[PDB]
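Note sheet for the following structure.
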Amino acid sequence: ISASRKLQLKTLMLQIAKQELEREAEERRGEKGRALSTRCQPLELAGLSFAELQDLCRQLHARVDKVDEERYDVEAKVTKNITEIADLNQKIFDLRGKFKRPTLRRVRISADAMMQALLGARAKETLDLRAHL
Amino acid sequence: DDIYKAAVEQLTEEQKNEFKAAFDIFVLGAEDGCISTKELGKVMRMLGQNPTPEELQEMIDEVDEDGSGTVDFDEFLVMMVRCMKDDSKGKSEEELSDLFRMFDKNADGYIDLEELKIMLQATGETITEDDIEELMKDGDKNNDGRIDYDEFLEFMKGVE
Amino acid sequence: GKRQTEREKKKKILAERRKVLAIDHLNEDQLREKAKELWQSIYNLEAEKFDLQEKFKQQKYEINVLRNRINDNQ
Amino acid sequence: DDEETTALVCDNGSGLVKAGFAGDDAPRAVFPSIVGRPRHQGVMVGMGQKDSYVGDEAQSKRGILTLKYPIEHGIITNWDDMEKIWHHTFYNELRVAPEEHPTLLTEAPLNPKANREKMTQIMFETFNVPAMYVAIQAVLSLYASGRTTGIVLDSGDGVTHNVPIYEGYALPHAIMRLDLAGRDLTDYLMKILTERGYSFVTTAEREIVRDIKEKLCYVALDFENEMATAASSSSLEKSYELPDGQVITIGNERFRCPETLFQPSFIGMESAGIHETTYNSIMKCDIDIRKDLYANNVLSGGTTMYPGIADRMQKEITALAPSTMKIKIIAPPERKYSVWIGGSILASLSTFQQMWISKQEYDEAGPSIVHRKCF
Amino acid sequence: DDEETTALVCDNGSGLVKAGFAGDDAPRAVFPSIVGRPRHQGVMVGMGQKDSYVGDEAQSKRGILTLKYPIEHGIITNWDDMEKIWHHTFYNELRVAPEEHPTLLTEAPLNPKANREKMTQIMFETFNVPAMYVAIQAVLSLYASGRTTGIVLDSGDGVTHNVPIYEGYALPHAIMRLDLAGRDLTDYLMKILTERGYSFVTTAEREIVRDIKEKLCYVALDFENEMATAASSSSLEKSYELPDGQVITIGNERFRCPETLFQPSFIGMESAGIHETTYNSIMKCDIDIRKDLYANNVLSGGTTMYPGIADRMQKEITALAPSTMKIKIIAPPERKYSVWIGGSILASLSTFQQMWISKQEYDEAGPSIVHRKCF
Amino acid sequence: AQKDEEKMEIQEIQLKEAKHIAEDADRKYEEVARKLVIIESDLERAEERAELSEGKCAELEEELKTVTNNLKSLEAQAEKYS
Amino acid sequence: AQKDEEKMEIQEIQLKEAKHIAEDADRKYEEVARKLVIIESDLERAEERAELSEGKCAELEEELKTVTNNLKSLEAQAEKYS
Ligand SMILES: Nc1ncnc2c1ncn2[C@@H]1O[C@H](COP(=O)(O)OP(=O)(O)O)[C@@H](O)[C@H]1O
Ligand SMILES: Nc1ncnc2c1ncn2[C@@H]1O[C@H](COP(=O)(O)OP(=O)(O)O)[C@@H](O)[C@H]1O
Ligand SMILES: [Mg+2]
Ligand SMILES: [Mg+2]
């Protein structure tokens, strides 16, 4: 296996994947707008009158009730899913801990640095103590 | 990659001091200035730094495509100073989660060699025989045909 | 449980969100603007509902993945 | 699959919860129904120790738990634990939210009303199902055999009941429910093992005794001859390796444990065995459908899986019954899941699709709707 | 490092005090725990002679001192000397004032309460730490191995204890604490050396005998064969140079000193060896976790560093245990500091950060807080 | 004093050689520890997979026995009904 | 001269320590060599036996399939007999 070629291929693939994700998000946004125009047909009020306004008011109230109930059920589902996400995050945290907590440690922060001072300190202490006269 | 110039300009003194000490240990006279990587690895071992050396030795056996065997500053200097973690931010975990969810057209929690080949044909890279086996190593840590998102995360984590 | 608190919260939200019901007491333009604004509001609510539905499906898939993880741990 | 809506055929049982979507051959997830809190102290920090392991997870950590079944004899004695079991069954073993699926529970005959009403109230309030229906555990086992008549002896793990049915018309005055079942056989086996030196006391070791019973015990064709043979030769002594070594040798305890079914005087019960309560259940029926019931005797339930029971029971009934009638005992190889297979078949029927207890109906009449026309 | 606050993982032990900041690999300062007053008169004036040399300083002037350990068998018998040892450890070997650092002491199982309460009272009143926590010396050694089950035999220098743990749930009824340890082996070696002519009596020469034991003794795989071989050939006699010359030759005293661990009848103790108290500790556990304990037997503590003990112990347990189970003995190369490494890991955990005994809590309930929920 | 200086420098070069030998031994030690860790992990996996295989073989053997015996009995009964 | 002699004594103790290092390194290395070899041999044997068991299990699968088919046949014959 190579080193540089694999690096460049991986980098290019990651960048292309991000571009694909962004364009897919844009396409999904366009489709969501299309579905908005379908389910919520835009109203052109050109040459309009009172009667269409009142019909719009009544249909709007009924649709507000329906969509509010639908969105309430969806939001309750969302809350349940968020709680499940929290529980699964906690479990994965616990499992990764029981895996890698012993491996996660500060190995010899200063014990590696402190290597030779003790011997010289002992010898120099003996010599300094002898050095009274 | 070609991070050589930005790297030779970007190094901060925490590693520049040891670079200078290794330079002094290396060059004492009657040298061509190319700085033989074989002595460089031994010098860095003497310095006490703790990266992984076997990959460096294999690279020198392969890299510097003309096969000179005496790496000039760029590549072997990078392999030397590779003690310090100057990584590509590790990307973002949520970004990779979104990518892997996108790639899971199977919608079965994992992506296999067929989907990897599909993405490769979508981009158009040179076909490699290391395929299949690379998925077996990185994504298949369970030998079950299952790959979770952390496998793709650590597949190219902080890749430049 | 889990059958009455939801109903009361939903009715309270309905009361606070469904405003006063009075139209024909005013001019045509004021009612026209009010209806247009409420229609755009329900359009925004519907768009948000569909986006949250897609996000809920994605998070259901993610919950399935995490379930496969907790199954892999045993 | 796709659009449309499939039904959840759950089957609470007592000892093994069997569940799965309607229209398949076998239950999707089968796991013991035990909920065991830990009993020791626990010193490791951050180990992620939960407060109650349910289902098949508590059969692997049973060394430090105190397993306790939430269903004693058909009836449910601990509603919180049963709710926990149902929640686990829906969310982790099937991973389908109950808000979008009808459910078909099963219940033993002659059970207390309050149990059934509480069951439907839970299913409608906590899990919030669209519609649920409760069915008698024997009619399903008759569905699975593809018959339409016959007297079915459904010897589960909690309770053994014997429902005779003719031409689709159940006979409510001839149901003979007896409370001897697999659990009492486990306790009796655990009690007679002490005659060789092996003492099992902990609620965790009851599972080991259950495994011994499943793997070794068999029903003797003739009891006295087997008792005489096992007391002279040694061709019966089969050994078994405990979960830690120290193999044990079971002698004539092999066929004495399941013999309790045909002589309930062993565990002090007064009533007659499963060989004579079937004949009594038949004799309560009318004089003109006794031949058909004799010819279509059906076995079901887990405890009827002992090797050699379909011959002992036939011999006993042939001894009791008149000499002219033909006695036939239907013992399908898929005995254990017979009730659930029948439940799947019943839930998959088009004619049955309007018998569910719809939620609006429950909202109008309360939990007492189950005793009404929607049975 | 910088801001923030690190914990002090001290580990009193008995024979070597091991201390260091939490989150490292090895203790920062390891030194014998001995306090020795001078015993002769002293004629030089102004030499700067102190009244008590503690720690590693008294292992260099031991020629004119009377060293005396302040910890006999786990318990602490001389509180003033122990306070002196702690003061030295904090101020001279680590040079960190205790007013700004939590501490995590360690204590053997089944020790007297008064010892633990006095320890916490000292740490809170004299040294005035922010918060201290006391942990059992075996759970830490189980942390260091990265396991979560297993039965750990922590044969220190004061006391040998054998704590079985499963899935993080310690079994308090199966702890077998035995008071034979390294110190008794030193005394027995000093007593059997007299059979060749070498007499060590002074408390300073006990250190020389300890060095002989560390450098030469080993555990025999089979005792009788070694006794027969050492009595015929001379391939075992290894020589050793005293601190003044006059080399000595140790014959079959080499494997007879550490054999006392497996036959405590040598020093007159009644109990069974460390090879049989582990099997007894296992057999007290439940029947379903014995396989896991058999497979994950952990060794720790200093005295388990004899060359060839991980094979003798495995052979003995395999002889005792049932033939089917697999016996595996985990003997990491970092055995001596295993308890302290585990202590560092435990102190570095985020989940553990709220278990410390905060000072305000001690002010409200007195020293008896340690036996309460904050264990 | 001259002789002592000679011995001092000789012991000095000897001490440097000693330090180098020490470092070489240290590296070898780290290396062998790595190798042992790897091989032991492989031992764990090998034993566990062996156990799985043995258990499955046991279960299949038992089921074969049961079904074979039932088939033999039913064959005898088929002859009987002939 | 006295200072030089003190230096010499220091060098002597350091040489002693170095030889001590050498001996302990060798001993531990030989130990790990023993463990390495034993682990490797046992790993080889365990893999071999596990594969053997796997083969036997597959054979058992095929046997069970044969028996299942024959039981189906006998059952059909018996029911028609009835
Ligand atoms: N192969 C078998 N041989 C003997 N007894 C069995 C066997 N399988 C299950 N049993 C017994 O049957 C019980 C399971 O019965 P089951 O039909 O699951 O009860 P339920 O009607 O509650 O589902 C177990 O407790 C066990 O004692
Ligand atoms: N390399 C060794 N070989 C044999 N025995 C040893 C070795 N190192 C230490 N010991 C014995 O172990 C004792 C130190 O045990 P240690 O684990 O420090 O006790 P504690 O649990 O009090 O810290 C010493 O007294 C010594 O007798
Ligand atoms: Mg049943
Ligand atoms: Mg200790």
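Naming works like this for the structure tokens: A, B, ... for the chains as they're shown, residue 1 at the start of each chain, ligands 1 onward in shown order.
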
Return as a ChimeraX atom specification the residues of protein, DNA or RNA that approach ligand 3 to within 6 Å, with only C-alpha atoms and all ligand atoms taken into account.
/D:13,156,301

Grab the residues selected above and save them as a PDB file, in the first residue's frame with N, CA and C atoms.
ATOM      1  N   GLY D  13     -48.124 -15.379  27.843  1.00  0.00           N
ATOM      2  CA  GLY D  13     -47.656 -16.622  28.393  1.00  0.00           C
ATOM      3  C   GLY D  13     -47.197 -16.436  29.827  1.00  0.00           C
ATOM      4  N   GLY D 156     -49.440 -25.331  29.471  1.00  0.00           N
ATOM      5  CA  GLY D 156     -48.383 -24.343  29.422  1.00  0.00           C
ATOM      6  C   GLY D 156     -47.394 -24.503  30.559  1.00  0.00           C
ATOM      7  N   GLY D 301     -48.975 -26.405  23.912  1.00  0.00           N
ATOM      8  CA  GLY D 301     -48.238 -25.881  25.040  1.00  0.00           C
ATOM      9  C   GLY D 301     -46.871 -26.520  25.199  1.00  0.00           C
TER      10      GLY D 301
END

Could you write out chain F as an mmCIF file with N, CA and C atoms, in the first residue's frame once it has been least-squares superposed on chain G using every ordered C-alpha pair?
data_model
loop_
_atom_site.group_PDB
_atom_site.id
_atom_site.type_symbol
_atom_site.label_atom_id
_atom_site.label_comp_id
_atom_site.auth_asym_id
_atom_site.auth_seq_id
_atom_site.Cartn_x
_atom_site.Cartn_y
_atom_site.Cartn_z
ATOM 1 N N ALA F 1 43.132 16.328 40.998
ATOM 2 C CA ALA F 1 43.320 14.922 40.659
ATOM 3 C C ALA F 1 42.707 14.015 41.720
ATOM 4 N N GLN F 2 42.820 14.401 42.991
ATOM 5 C CA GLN F 2 42.195 13.603 44.040
ATOM 6 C C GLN F 2 40.680 13.565 43.867
ATOM 7 N N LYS F 3 40.070 14.730 43.621
ATOM 8 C CA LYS F 3 38.624 14.753 43.408
ATOM 9 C C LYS F 3 38.240 13.861 42.237
ATOM 10 N N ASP F 4 39.032 13.915 41.168
ATOM 11 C CA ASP F 4 38.724 13.113 39.996
ATOM 12 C C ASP F 4 38.811 11.629 40.310
ATOM 13 N N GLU F 5 39.806 11.217 41.101
ATOM 14 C CA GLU F 5 39.897 9.807 41.481
ATOM 15 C C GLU F 5 38.669 9.380 42.267
ATOM 16 N N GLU F 6 38.207 10.244 43.171
ATOM 17 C CA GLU F 6 36.981 9.943 43.900
ATOM 18 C C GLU F 6 35.834 9.685 42.931
ATOM 19 N N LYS F 7 35.640 10.604 41.982
ATOM 20 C CA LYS F 7 34.544 10.439 41.028
ATOM 21 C C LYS F 7 34.742 9.189 40.187
ATOM 22 N N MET F 8 35.993 8.850 39.892
ATOM 23 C CA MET F 8 36.275 7.665 39.099
ATOM 24 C C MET F 8 35.808 6.410 39.816
ATOM 25 N N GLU F 9 36.173 6.268 41.092
ATOM 26 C CA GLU F 9 35.761 5.070 41.823
ATOM 27 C C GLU F 9 34.243 5.019 41.996
ATOM 28 N N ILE F 10 33.611 6.176 42.231
ATOM 29 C CA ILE F 10 32.156 6.194 42.370
ATOM 30 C C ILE F 10 31.495 5.728 41.077
ATOM 31 N N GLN F 11 31.942 6.257 39.942
ATOM 32 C CA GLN F 11 31.401 5.791 38.680
ATOM 33 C C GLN F 11 31.719 4.320 38.456
ATOM 34 N N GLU F 12 32.827 3.829 39.014
ATOM 35 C CA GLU F 12 33.193 2.424 38.849
ATOM 36 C C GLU F 12 32.186 1.505 39.534
ATOM 37 N N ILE F 13 31.883 1.788 40.799
ATOM 38 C CA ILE F 13 30.892 0.971 41.491
ATOM 39 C C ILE F 13 29.537 1.106 40.805
ATOM 40 N N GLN F 14 29.217 2.313 40.324
ATOM 41 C CA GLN F 14 27.966 2.494 39.593
ATOM 42 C C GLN F 14 27.925 1.616 38.347
ATOM 43 N N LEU F 15 29.048 1.521 37.631
ATOM 44 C CA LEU F 15 29.098 0.706 36.422
ATOM 45 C C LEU F 15 28.894 -0.768 36.743
ATOM 46 N N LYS F 16 29.489 -1.247 37.833
ATOM 47 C CA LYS F 16 29.259 -2.640 38.216
ATOM 48 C C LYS F 16 27.781 -2.883 38.504
ATOM 49 N N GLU F 17 27.157 -1.975 39.255
ATOM 50 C CA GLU F 17 25.728 -2.103 39.510
ATOM 51 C C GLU F 17 24.949 -2.136 38.201
ATOM 52 N N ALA F 18 25.354 -1.298 37.251
ATOM 53 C CA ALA F 18 24.694 -1.265 35.954
ATOM 54 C C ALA F 18 24.786 -2.612 35.252
ATOM 55 N N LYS F 19 25.972 -3.215 35.254
ATOM 56 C CA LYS F 19 26.129 -4.503 34.591
ATOM 57 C C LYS F 19 25.220 -5.544 35.220
ATOM 58 N N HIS F 20 25.136 -5.550 36.549
ATOM 59 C CA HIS F 20 24.278 -6.534 37.203
ATOM 60 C C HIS F 20 22.813 -6.324 36.839
ATOM 61 N N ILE F 21 22.361 -5.068 36.821
ATOM 62 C CA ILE F 21 20.984 -4.801 36.413
ATOM 63 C C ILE F 21 20.753 -5.300 34.993
ATOM 64 N N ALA F 22 21.745 -5.105 34.123
ATOM 65 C CA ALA F 22 21.626 -5.560 32.746
ATOM 66 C C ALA F 22 21.433 -7.070 32.679
ATOM 67 N N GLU F 23 22.248 -7.815 33.424
ATOM 68 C CA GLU F 23 22.118 -9.270 33.392
ATOM 69 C C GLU F 23 20.760 -9.709 33.916
ATOM 70 N N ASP F 24 20.277 -9.067 34.984
ATOM 71 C CA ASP F 24 18.958 -9.431 35.502
ATOM 72 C C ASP F 24 17.871 -9.207 34.453
ATOM 73 N N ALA F 25 17.912 -8.058 33.774
ATOM 74 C CA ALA F 25 16.933 -7.798 32.729
ATOM 75 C C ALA F 25 17.022 -8.847 31.628
ATOM 76 N N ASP F 26 18.245 -9.233 31.259
ATOM 77 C CA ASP F 26 18.426 -10.245 30.223
ATOM 78 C C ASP F 26 17.749 -11.555 30.605
ATOM 79 N N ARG F 27 17.970 -12.010 31.837
ATOM 80 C CA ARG F 27 17.332 -13.246 32.268
ATOM 81 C C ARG F 27 15.820 -13.122 32.220
ATOM 82 N N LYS F 28 15.283 -12.013 32.730
ATOM 83 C CA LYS F 28 13.835 -11.834 32.674
ATOM 84 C C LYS F 28 13.340 -11.934 31.236
ATOM 85 N N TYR F 29 14.092 -11.354 30.300
ATOM 86 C CA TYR F 29 13.677 -11.356 28.905
ATOM 87 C C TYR F 29 13.592 -12.772 28.366
ATOM 88 N N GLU F 30 14.643 -13.558 28.578
ATOM 89 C CA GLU F 30 14.603 -14.944 28.130
ATOM 90 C C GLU F 30 13.386 -15.654 28.710
ATOM 91 N N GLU F 31 13.126 -15.429 29.998
ATOM 92 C CA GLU F 31 12.024 -16.121 30.653
ATOM 93 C C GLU F 31 10.695 -15.786 29.988
ATOM 94 N N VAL F 32 10.430 -14.494 29.808
ATOM 95 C CA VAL F 32 9.135 -14.095 29.278
ATOM 96 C C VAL F 32 8.978 -14.582 27.844
ATOM 97 N N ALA F 33 10.070 -14.585 27.074
ATOM 98 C CA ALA F 33 10.000 -15.121 25.721
ATOM 99 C C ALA F 33 9.565 -16.579 25.744
ATOM 100 N N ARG F 34 10.156 -17.359 26.644
ATOM 101 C CA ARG F 34 9.758 -18.757 26.760
ATOM 102 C C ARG F 34 8.263 -18.866 27.012
ATOM 103 N N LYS F 35 7.778 -18.104 27.992
ATOM 104 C CA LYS F 35 6.366 -18.190 28.349
ATOM 105 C C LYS F 35 5.482 -17.871 27.149
ATOM 106 N N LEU F 36 5.825 -16.810 26.418
ATOM 107 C CA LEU F 36 4.993 -16.396 25.295
ATOM 108 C C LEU F 36 4.962 -17.468 24.218
ATOM 109 N N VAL F 37 6.110 -18.081 23.933
ATOM 110 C CA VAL F 37 6.139 -19.154 22.941
ATOM 111 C C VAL F 37 5.173 -20.259 23.345
ATOM 112 N N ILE F 38 5.229 -20.662 24.614
ATOM 113 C CA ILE F 38 4.366 -21.758 25.049
ATOM 114 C C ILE F 38 2.898 -21.387 24.870
ATOM 115 N N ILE F 39 2.508 -20.214 25.368
ATOM 116 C CA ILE F 39 1.091 -19.869 25.338
ATOM 117 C C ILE F 39 0.601 -19.762 23.900
ATOM 118 N N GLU F 40 1.428 -19.215 23.003
ATOM 119 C CA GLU F 40 1.004 -19.103 21.610
ATOM 120 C C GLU F 40 0.795 -20.474 20.984
ATOM 121 N N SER F 41 1.685 -21.428 21.275
ATOM 122 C CA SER F 41 1.456 -22.776 20.768
ATOM 123 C C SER F 41 0.102 -23.292 21.236
ATOM 124 N N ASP F 42 -0.210 -23.063 22.509
ATOM 125 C CA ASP F 42 -1.513 -23.476 23.005
ATOM 126 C C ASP F 42 -2.633 -22.779 22.247
ATOM 127 N N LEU F 43 -2.435 -21.509 21.899
ATOM 128 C CA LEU F 43 -3.452 -20.799 21.134
ATOM 129 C C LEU F 43 -3.696 -21.488 19.800
ATOM 130 N N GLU F 44 -2.620 -21.879 19.120
ATOM 131 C CA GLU F 44 -2.765 -22.579 17.847
ATOM 132 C C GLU F 44 -3.630 -23.817 18.015
ATOM 133 N N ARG F 45 -3.275 -24.656 18.986
ATOM 134 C CA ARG F 45 -4.023 -25.895 19.168
ATOM 135 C C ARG F 45 -5.483 -25.618 19.499
ATOM 136 N N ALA F 46 -5.738 -24.643 20.369
ATOM 137 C CA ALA F 46 -7.110 -24.341 20.747
ATOM 138 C C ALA F 46 -7.930 -23.912 19.539
ATOM 139 N N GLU F 47 -7.388 -23.006 18.727
ATOM 140 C CA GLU F 47 -8.136 -22.555 17.564
ATOM 141 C C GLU F 47 -8.429 -23.716 16.623
ATOM 142 N N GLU F 48 -7.425 -24.558 16.371
ATOM 143 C CA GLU F 48 -7.623 -25.639 15.413
ATOM 144 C C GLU F 48 -8.695 -26.612 15.890
ATOM 145 N N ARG F 49 -8.657 -26.987 17.171
ATOM 146 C CA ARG F 49 -9.661 -27.928 17.655
ATOM 147 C C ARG F 49 -11.048 -27.298 17.614
ATOM 148 N N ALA F 50 -11.138 -26.001 17.933
ATOM 149 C CA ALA F 50 -12.418 -25.314 17.800
ATOM 150 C C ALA F 50 -12.955 -25.450 16.386
ATOM 151 N N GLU F 51 -12.090 -25.233 15.399
ATOM 152 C CA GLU F 51 -12.529 -25.310 14.012
ATOM 153 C C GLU F 51 -13.029 -26.706 13.673
ATOM 154 N N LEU F 52 -12.294 -27.729 14.100
ATOM 155 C CA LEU F 52 -12.743 -29.091 13.838
ATOM 156 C C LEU F 52 -14.147 -29.305 14.393
ATOM 157 N N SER F 53 -14.358 -28.904 15.645
ATOM 158 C CA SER F 53 -15.660 -29.116 16.267
ATOM 159 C C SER F 53 -16.754 -28.398 15.494
ATOM 160 N N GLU F 54 -16.500 -27.149 15.111
ATOM 161 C CA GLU F 54 -17.515 -26.383 14.405
ATOM 162 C C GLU F 54 -17.883 -27.049 13.086
ATOM 163 N N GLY F 55 -16.879 -27.504 12.339
ATOM 164 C CA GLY F 55 -17.167 -28.160 11.073
ATOM 165 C C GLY F 55 -18.011 -29.404 11.256
ATOM 166 N N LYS F 56 -17.648 -30.237 12.231
ATOM 167 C CA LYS F 56 -18.417 -31.457 12.446
ATOM 168 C C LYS F 56 -19.852 -31.134 12.827
ATOM 169 N N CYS F 57 -20.038 -30.122 13.680
ATOM 170 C CA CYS F 57 -21.389 -29.709 14.044
ATOM 171 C C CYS F 57 -22.182 -29.307 12.810
ATOM 172 N N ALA F 58 -21.552 -28.553 11.911
ATOM 173 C CA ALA F 58 -22.233 -28.160 10.686
ATOM 174 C C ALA F 58 -22.692 -29.383 9.902
ATOM 175 N N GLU F 59 -21.786 -30.338 9.699
ATOM 176 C CA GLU F 59 -22.124 -31.490 8.868
ATOM 177 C C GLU F 59 -23.269 -32.292 9.477
ATOM 178 N N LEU F 60 -23.199 -32.542 10.781
ATOM 179 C CA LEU F 60 -24.255 -33.306 11.436
ATOM 180 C C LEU F 60 -25.584 -32.576 11.348
ATOM 181 N N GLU F 61 -25.572 -31.258 11.544
ATOM 182 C CA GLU F 61 -26.801 -30.489 11.408
ATOM 183 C C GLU F 61 -27.419 -30.688 10.026
ATOM 184 N N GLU F 62 -26.611 -30.568 8.971
ATOM 185 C CA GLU F 62 -27.167 -30.700 7.628
ATOM 186 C C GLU F 62 -27.777 -32.080 7.420
ATOM 187 N N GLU F 63 -27.050 -33.122 7.824
ATOM 188 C CA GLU F 63 -27.567 -34.468 7.614
ATOM 189 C C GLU F 63 -28.879 -34.665 8.352
ATOM 190 N N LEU F 64 -28.955 -34.155 9.583
ATOM 191 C CA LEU F 64 -30.203 -34.219 10.329
ATOM 192 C C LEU F 64 -31.329 -33.583 9.533
ATOM 193 N N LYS F 65 -31.066 -32.410 8.966
ATOM 194 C CA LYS F 65 -32.109 -31.724 8.215
ATOM 195 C C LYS F 65 -32.614 -32.596 7.078
ATOM 196 N N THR F 66 -31.687 -33.136 6.287
ATOM 197 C CA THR F 66 -32.092 -33.920 5.123
ATOM 198 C C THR F 66 -32.926 -35.126 5.530
ATOM 199 N N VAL F 67 -32.422 -35.912 6.479
ATOM 200 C CA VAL F 67 -33.122 -37.134 6.851
ATOM 201 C C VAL F 67 -34.487 -36.809 7.442
ATOM 202 N N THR F 68 -34.571 -35.743 8.242
ATOM 203 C CA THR F 68 -35.851 -35.369 8.825
ATOM 204 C C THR F 68 -36.865 -35.049 7.744
ATOM 205 N N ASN F 69 -36.449 -34.286 6.735
ATOM 206 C CA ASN F 69 -37.385 -33.929 5.675
ATOM 207 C C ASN F 69 -37.858 -35.167 4.917
ATOM 208 N N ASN F 70 -36.933 -36.081 4.606
ATOM 209 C CA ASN F 70 -37.336 -37.302 3.915
ATOM 210 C C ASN F 70 -38.342 -38.094 4.741
ATOM 211 N N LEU F 71 -38.084 -38.224 6.041
ATOM 212 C CA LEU F 71 -39.006 -38.956 6.901
ATOM 213 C C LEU F 71 -40.380 -38.312 6.894
ATOM 214 N N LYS F 72 -40.430 -36.981 6.963
ATOM 215 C CA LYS F 72 -41.723 -36.306 6.956
ATOM 216 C C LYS F 72 -42.483 -36.593 5.665
ATOM 217 N N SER F 73 -41.789 -36.514 4.528
ATOM 218 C CA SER F 73 -42.446 -36.796 3.255
ATOM 219 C C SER F 73 -43.001 -38.214 3.226
ATOM 220 N N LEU F 74 -42.191 -39.186 3.640
ATOM 221 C CA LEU F 74 -42.650 -40.570 3.619
ATOM 222 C C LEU F 74 -43.812 -40.784 4.580
ATOM 223 N N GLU F 75 -43.846 -40.046 5.691
ATOM 224 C CA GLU F 75 -44.994 -40.133 6.587
ATOM 225 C C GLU F 75 -46.264 -39.668 5.887
ATOM 226 N N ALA F 76 -46.177 -38.532 5.194
ATOM 227 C CA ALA F 76 -47.323 -38.066 4.422
ATOM 228 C C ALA F 76 -47.775 -39.139 3.440
ATOM 229 N N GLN F 77 -46.816 -39.796 2.791
ATOM 230 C CA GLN F 77 -47.156 -40.828 1.813
ATOM 231 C C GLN F 77 -47.783 -42.050 2.478
ATOM 232 N N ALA F 78 -47.339 -42.386 3.689
ATOM 233 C CA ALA F 78 -47.951 -43.490 4.418
ATOM 234 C C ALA F 78 -49.422 -43.212 4.675
ATOM 235 N N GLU F 79 -49.740 -41.991 5.103
ATOM 236 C CA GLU F 79 -51.147 -41.628 5.260
ATOM 237 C C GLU F 79 -51.888 -41.744 3.930
ATOM 238 N N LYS F 80 -51.266 -41.242 2.861
ATOM 239 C CA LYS F 80 -51.893 -41.304 1.545
ATOM 240 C C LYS F 80 -52.247 -42.737 1.169
ATOM 241 N N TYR F 81 -51.310 -43.659 1.376
ATOM 242 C CA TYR F 81 -51.575 -45.043 1.013
ATOM 243 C C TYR F 81 -52.565 -45.697 1.966
ATOM 244 N N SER F 82 -52.666 -45.213 3.203
ATOM 245 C CA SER F 82 -53.778 -45.649 4.044
ATOM 246 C C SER F 82 -55.098 -45.352 3.348
#

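Put simply, CA of residue 161 (chain E) is 9.2 Å away from CA of residue 110 (chain E).
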
| task | Write out as an NGL selection string each polymer residue whose atoms come within 12 Å of residue 24 (chain B), counting only C-alpha atoms; drop sequence neighbours fewer than 2 positions from it. | result | :B and (17-22 or 26-29 or 35 or 40 or 43-44 or 47)

Check which residues fall inside 6 Å of ligand 2 when counting only C-alpha atoms and all ligand atoms, and print them as a VMD selection string. chain E and resid 13 to 16 156 to 158 182 210 214 301 to 303 305 to 306 336

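Excluding residue 49 (chain B) and any residue on its chain fewer than 2 positions from it, the residues at most 12 Å away by only C-alpha atoms are residues 112 of chain A; 15, 18, 19, 22, 41, 42, 43, 44, 45, 46, 47, 51, 52, 53, 80, 81, 82, 83 and 84 of chain B.
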
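Distances to chain C were evaluated for D:100, D:363, D:1, D:334 using only C-alpha atoms, and the minimum falls at D:363.
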
**Prompt:** If we count only C-alpha atoms, what is near residue 290 (chain E) at a cut-off of 12 Å, once residues fewer than 5 positions away on the same chain are taken out, given as a PyMOL selection string?
**Reply:** (chain D and resi 63-64+242-246) or (chain E and resi 149-151+164-166+278-285+295-297+321-322+325-327)
